[PDB]
2 protein chains.
Amino acid sequence: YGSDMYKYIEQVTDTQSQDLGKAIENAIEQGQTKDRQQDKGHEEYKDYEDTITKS
Amino acid sequence: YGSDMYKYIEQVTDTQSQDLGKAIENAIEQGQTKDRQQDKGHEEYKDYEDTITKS
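Along each chain, numbering proceeds from 1 in written sequence order. Entry numbering may differ, and residues lacking coordinates are not shown. Chains and ligands are labelled by the order in which they are written, letters from A for the one and numbers from 1 for the other. Note: displayed chains form a subset of a larger assembly, with all reported quantities computed for the displayed subset only. Side-chain calculation: all heavy atoms of the structure are included, whereas hydrogens and water are not.

- The name given to chain A in the PDB entry is gp16, tail stem protein, with Staphylococcus phage Andhra as the source organism.
- As recorded in the PDB, this entry has the title "Upper tail structure of Staphylococcus phage Andhra".

Pasting the structure below:
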């Protein structure tokens, strides 16, 4: 008797679920660098001059 | 009797669902940087120019 009988007339299947998740992550990084630079330069001038004035 | 009989006449399957999700992600990032530059310079030069004039 009662209403519940209908749930048996059609094969009702009540599915119920629950998921609980957690996560933790720690990333640690270290770095080092080192650079050097060595330059060398050289230059050479060479000039010539001719001037002629007639007044 | 009634209309509901038709549901049984032709096999009818009513399916429902409901997924309710929640998600919180918290990220904390810290960074440090240390630099150090040390340079050295040195330049030397020599010049010679000789001018001879006639008038």
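There is more to say, and it comes next.
## A closer look at the interface of chain A and chain B
- Residue contacts are defined here by distance: any two heavy atoms, one from each residue, within 4.5 Å place the two residues in contact. With four residues of chain A at the interface, the matching set in chain B holds four residues.
- Buried area is calculated as the accessible area (1.4 Å probe) missing from two parts once they are joined, with the contributions of both summed. Taking both sides of the interface into account, the surface hidden between chain A and chain B amounts to around 280 Å²; carbon and sulfur atoms contribute 43%.
- In the sections that follow, a salt bridge refers to a side-chain nitrogen of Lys or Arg positioned within 4 Å of a carboxyl oxygen of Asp or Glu. In this structure, the connection of chain A to chain B is made through zero salt bridges.
- What qualifies as a polar contact is a pair of N or O atoms within 3.5 Å, subject to a donor-acceptor requirement within protein and to the restriction that residues adjacent in sequence count only when both atoms come from side chains. Along the contact surface separating chain A from chain B lie zero residue pairs in polar contact.
- Put simply, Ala, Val, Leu, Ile, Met, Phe, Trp, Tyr, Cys and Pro go in the nonpolar bin, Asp, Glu, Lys and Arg in the charged bin, and everything else, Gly too, in the polar bin. Here the residues of the side of chain A that touches chain B sort into two nonpolar, no polar and two charged.

## What to know about the packing of aromatic side chains
- Only rings of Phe, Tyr and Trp enter the pairing, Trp through its six-membered ring, and a pair is recorded when the two centres are within 6.5 Å. The plane angle decides the type: under 30 degrees is stacked, over 60 is edge-to-face, the rest tilted. Scanning the model with the defined rule gives zero aromatic pairs over all chains in all.
- Only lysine NZ and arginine CZ atoms are considered, and such an atom sits over a ring when it is within 6 Å of the ring centre and within 35 degrees of the ring normal. In this arrangement the basic side chain of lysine 7 of chain B is found over the ring face of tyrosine 8 of chain B, its NZ or CZ atom lying 4.5 Å from the centre.

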